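Okay, so here's the structure we're looking at.
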Amino acid sequence: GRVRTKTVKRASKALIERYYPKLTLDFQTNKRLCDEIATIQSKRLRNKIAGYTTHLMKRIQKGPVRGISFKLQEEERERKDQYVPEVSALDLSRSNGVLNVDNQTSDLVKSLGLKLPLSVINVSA
Amino acid sequence: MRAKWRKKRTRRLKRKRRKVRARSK
Amino acid sequence: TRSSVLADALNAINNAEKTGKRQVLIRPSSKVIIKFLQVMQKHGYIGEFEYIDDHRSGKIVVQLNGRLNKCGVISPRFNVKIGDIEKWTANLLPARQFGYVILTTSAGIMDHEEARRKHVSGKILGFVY
Amino acid sequence: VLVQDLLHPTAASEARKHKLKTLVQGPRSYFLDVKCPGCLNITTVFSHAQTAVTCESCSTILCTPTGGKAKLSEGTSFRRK
Amino acid sequence: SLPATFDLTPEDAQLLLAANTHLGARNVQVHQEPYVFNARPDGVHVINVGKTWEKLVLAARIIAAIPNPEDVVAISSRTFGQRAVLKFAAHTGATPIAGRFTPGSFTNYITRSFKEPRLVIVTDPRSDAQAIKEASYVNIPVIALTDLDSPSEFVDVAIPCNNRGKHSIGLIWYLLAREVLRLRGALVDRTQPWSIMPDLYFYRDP
Amino acid sequence: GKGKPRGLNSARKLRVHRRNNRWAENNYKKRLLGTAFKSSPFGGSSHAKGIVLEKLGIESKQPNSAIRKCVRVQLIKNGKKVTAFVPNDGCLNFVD
Amino acid sequence: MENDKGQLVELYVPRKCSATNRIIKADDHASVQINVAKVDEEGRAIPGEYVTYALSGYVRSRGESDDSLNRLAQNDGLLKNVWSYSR
Amino acid sequence: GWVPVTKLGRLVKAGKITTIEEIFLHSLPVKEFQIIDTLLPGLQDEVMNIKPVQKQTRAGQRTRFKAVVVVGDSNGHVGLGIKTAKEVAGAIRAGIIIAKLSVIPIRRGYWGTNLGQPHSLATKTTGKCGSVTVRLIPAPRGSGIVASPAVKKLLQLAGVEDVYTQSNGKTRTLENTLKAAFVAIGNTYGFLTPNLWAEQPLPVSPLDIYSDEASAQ
Amino acid sequence: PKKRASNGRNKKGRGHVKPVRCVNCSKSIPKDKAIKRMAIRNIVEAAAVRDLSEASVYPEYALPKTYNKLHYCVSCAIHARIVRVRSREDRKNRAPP
RNA sequence: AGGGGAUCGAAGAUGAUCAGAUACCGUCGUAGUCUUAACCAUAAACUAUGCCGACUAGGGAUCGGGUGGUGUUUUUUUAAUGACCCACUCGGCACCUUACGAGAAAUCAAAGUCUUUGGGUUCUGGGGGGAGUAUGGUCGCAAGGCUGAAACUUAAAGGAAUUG
Ligand SMILES: [Mg+2]
Ligand SMILES: [Mg+2]
Ligand SMILES: [Mg+2]
Ligand SMILES: [Mg+2]
Ligand SMILES: [Mg+2]
Ligand SMILES: [Mg+2]
């Protein structure tokens, strides 16, 4: 029955996102870290927050944790988010410049008359 | 008390009386 | 069965206007309906209406400009005296400065305003505002 | 659509509707100039016939009534109107 | 009216059909019928991409009419529109709402996420129905990336596209971003295509 | 058509129907049936003299728990026996 | 509305819907007013002058605003061949 | 003092919008009552009724007080507000704020000819709340407000002086009678009249033109 | 007040269907109103099945099965926990699971 | 009033239960349950929603009829037909989403197109009891049906929904 109060959880949620690069996965270091970086009121609460914070380090270590995003996680996501596939991005080259469609889209191209390479495949049903 | 038990009670009462009014008719 | 084609034509227009339609189709569109449309169009409540000649009874497609509030019929066509026009107008119209009570009188279908200056009276057909 | 030209419906839209519900109601039925397999005599047969129409030479059958359109007797040429 | 350059260029229609944006939905409602070019066998309908392009160009002119780019909110809730909206928000002001809308972001003038846009753009009226309904209390226009089966209530401008394809959704947002930048001194070089590849608006995994 | 007829020649159906349903009015029924003149202590009169027959103290209805101190009076015009209140603090002594 | 010596006496004249000529009232919080940018040559938004449509909340709620904008833009030339009168 | 959190408030506080009818013209939603006070200063206030609303709980009956407050001067502006608070005084304060948010403009017309200033309603209108239906008829000059004392005062805080009235349903319900009348008076700009048939150039919104000063950094 | 659009049954176009007898108390309930469950149970068991397979001649023997349609009155279905009275808006849910 | 009468089963019998149990529960069981020839004419006879007509919003499914696909399907390696699929349409039983709109609300595609009140028409109601009672009439073999008050009494009865 050791469920941790949101004041403990939101305190970790107020610590990791700003000090992840300098924290450690060791609780003993963390509570000594919690001494000066965090201005807490009681020693019992000091150890409780350090324990949850250390547990968050393990959870963070094995993949990102939802709801908490440290600073270096932001750049880690954005570099992955700047992906621009240099080919295959609907730039033709599927059949080396002759896109494929059905009869109706083909006539559609003719309803607009635009000059575009094309093809036609049978359907049914 | 349903009105059908009122209905059934009143039917008996309405029909013991056309028998007692018959002894004078 | 139908009893008042003018009532059905006026009701069809009214439902169309409340739905924002800019036109409505009317069947069977008698010539009392046409005369009633003509007075409404003369005062600007509707636009151009066109009579489709089927060989049976007629159709009308009325263009609505959105200026119509409530076109309605008064049934039965009560015999209204020339002095009893004011009573109908007060009961049927929203204000004295606008709206019309269309009367079928011996001089033809006409609004209560024109029928007052021709000094004729008949039976009340319907209203428009 | 709240705005449409009820006086000029598209021909595909009117062909979709019931015959009594077009802009001006009319029949979708037609007449056939059926030809007897043997003789050259031309008989004018209603599409929705509903009677077993008979030619002169082919005095057995020329069409067969059904629920709607009449069924031609699988050996007869025809042209509309 | 509109000058001749704004017509559907073949290069733009090259990829507009490639992303299968023409692939409409099996079910079409009476408010999306005009965009139904035809019905293919197997029941998939086809959209007239000329309607898609012309409606897209209209929305850009509507978009590039608010004096401020910071109050043109682009809404997405589906996971496919998340990257499309955010990178739509990068090129213009276009404050984005990706993920959850937080009901009461247009009313409830005291919250942190309370905003007062002059225009809301939704990637999907069905999924962003909360955003659309929230926008109908405050007299805000709505531009929707509707499909043939999507609702049209409180949708002032509708761009017909394929809501079931990540390629289509990313392309529509990309094109919308390009036209609004063209309708300002940002990409004044109208003739040549945009330098950035449209793929960066597409969905991202994992 | 919402119930009632409308036609110009329907005034008989309208008037007869109204005359039939008017009897549902308790105040109109009583005047037309003339129950007050026929069956009532006062023959449709605002006042009536009488002869005091006895003095009664009646228990008021609940919840009041009081005594009302009325008098039983024999009417002079028709002879009907009624009971009548004596409204004041006392004044029963006056009646005798 | 006027009075005897002219001199219009009316708080304001409400804007009418561009699709139905309906009065847009003060508490019509679903009624929008769309502004479409004017465009000169080479497509410049030239901010300041717009083509403006007012859509009543009734049309938006009933879901015919998207078609109403199509018809009104087609009428003013904003769109070219999207809206067809006959359907 | 007052710090504007809304674009409308920022314009009104800065002075870019100097009259309320500009808000009504574009149907801008007012959220800060400071906007109404800045544009309608002399807005006299009255309370029509205070009634207790009770909720049954495990221990006893919880009581709260519901206040109906009417704002509006005698120059064609009216508001109405329904607020329930734990105490009467608080219900009045929040009742006044709610009524100021719901300020709407009304229409004054002539029963007869267009002589003098408008005195009556421009058109007979009607509002419904609950089962109560309130109908307002334009009246000749000098007829006064022929209405129940509650609806009569709501019409005095409207600027109307001549109007007839009819009613339906449980008019003894004051909140529904006030809401029904309040709906009725607001419909007076809802109705379309021949004088308003003329087209207008549909002017731009204040939130569009003065969008530089509004929504600061 | 009307608790259900389909009053308590499935009858729109009949005026009278027929009665059927509840399998638990023999009450007469109309066939449309009756709660119906189909019992599709193996002939022997899911526990004794192994025992009867070892002791069976014909080393491969298709195990037969029992079928019977069960009709319950409203009371018996509730008492036996077949229906489980639901909320005002959940009772509109007509899905089998 | 004949026939027939297996089962179930007002009445009745009886066994338990219960303080009592002329009830629920168990076992019998007459009338009835079935049929023929005649009666009665009532049901929560219900969708508690008269009938005819017009209009107003989106969808899918289904029953019956019809129309069209160079559609699938068969025994003669295809034909017609049947069955099936798709797209329409007419009529019907309904259903789903929404609130134009209505309503007191529950809810309603009608219970909408109603103080902006009029398509045509029939029936019924006027606070709760007394009371569908008394009497009269009429129908019926009877049961009872239809018609149907008054004296008197009464500040409420009631509908929908909310918290407990
Ligand atoms: Mg109950
Ligand atoms: Mg039945
Ligand atoms: Mg009944
Ligand atoms: Mg059926
Ligand atoms: Mg009464
Ligand atoms: Mg009574």
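Here's how to read the names in the structure tokens: chain A, B, ... by the order shown, residue numbers from 1 in each chain, ligand numbers from 1 in the order shown.
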Ligand 3: which residues are within 12 Å, counting only C-alpha atoms (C1' of nucleotides) and all ligand atoms, as a ChimeraX atom specification?
-> /J:43-50,124
Any chance you could export the current selection's C-alpha atoms (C1' of nucleotides) as a PDB file, in the first residue's frame?
ATOM      1  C1'   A J  43     -59.850  -6.188 -22.898  1.00  0.00           C
ATOM      2  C1'   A J  44     -53.537  -2.211 -20.705  1.00  0.00           C
ATOM      3  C1'   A J  45     -59.001  -4.437 -27.858  1.00  0.00           C
ATOM      4  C1'   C J  46     -52.057  -0.226 -26.746  1.00  0.00           C
ATOM      5  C1'   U J  47     -48.066   2.581 -30.867  1.00  0.00           C
ATOM      6  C1'   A J  48     -52.243   4.334 -24.182  1.00  0.00           C
ATOM      7  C1'   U J  49     -50.749   8.377 -30.487  1.00  0.00           C
ATOM      8  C1'   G J  50     -58.466   8.903 -35.267  1.00  0.00           C
ATOM      9  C1'   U J 124     -63.765  12.638 -26.901  1.00  0.00           C
TER      10        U J 124
END
Selection near range 25-29 of chain E, 7 Å with only C-alpha atoms (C1' of nucleotides), sequence-local residues under 3 positions removed, as a PyMOL selection string = chain E and resi 32-33+43-45+147-149
Could you give me, as a ChimeraX atom specification, the residues within 12 Å of range 130-146 of chain J, counting only C-alpha atoms (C1' of nucleotides) and dropping anything in the same chain fewer than 2 positions from it?
-> /B:3,6-7,10-15,17 /J:38-42,128,148-154
Could you list, as number ranges by chain, all the residues within 9 Å of ligand 6, counting only C-alpha atoms (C1' of nucleotides) and all ligand atoms?
-> F: 24; J: 126-129
Could you please extract the residues within 9 Å of ligand 1, counting only C-alpha atoms (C1' of nucleotides) and all ligand atoms, and hand them back as an NGL selection string?
-> :I and (1-3)
Would you export the selected residues with N, CA, C and O atoms as a JSON list (two decimals), in the first residue's frame, please?
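Okay, this is what ended up in again_5.json:
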[["chain", "number", "residue", "atom", "x", "y", "z"],
["I", 1, "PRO", "N", -44.01, 6.59, -17.17],
["I", 1, "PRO", "CA", -43.58, 7.04, -18.49],
["I", 1, "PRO", "C", -43.08, 5.89, -19.34],
["I", 1, "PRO", "O", -42.71, 4.85, -18.80],
["I", 2, "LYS", "N", -43.08, 6.06, -20.66],
["I", 2, "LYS", "CA", -42.67, 4.99, -21.56],
["I", 2, "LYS", "C", -41.19, 4.69, -21.34],
["I", 2, "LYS", "O", -40.33, 5.50, -21.68],
["I", 3, "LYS", "N", -40.91, 3.52, -20.77],
["I", 3, "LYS", "CA", -39.53, 3.14, -20.48],
["I", 3, "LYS", "C", -38.78, 2.69, -21.73],
["I", 3, "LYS", "O", -37.56, 2.84, -21.80]]
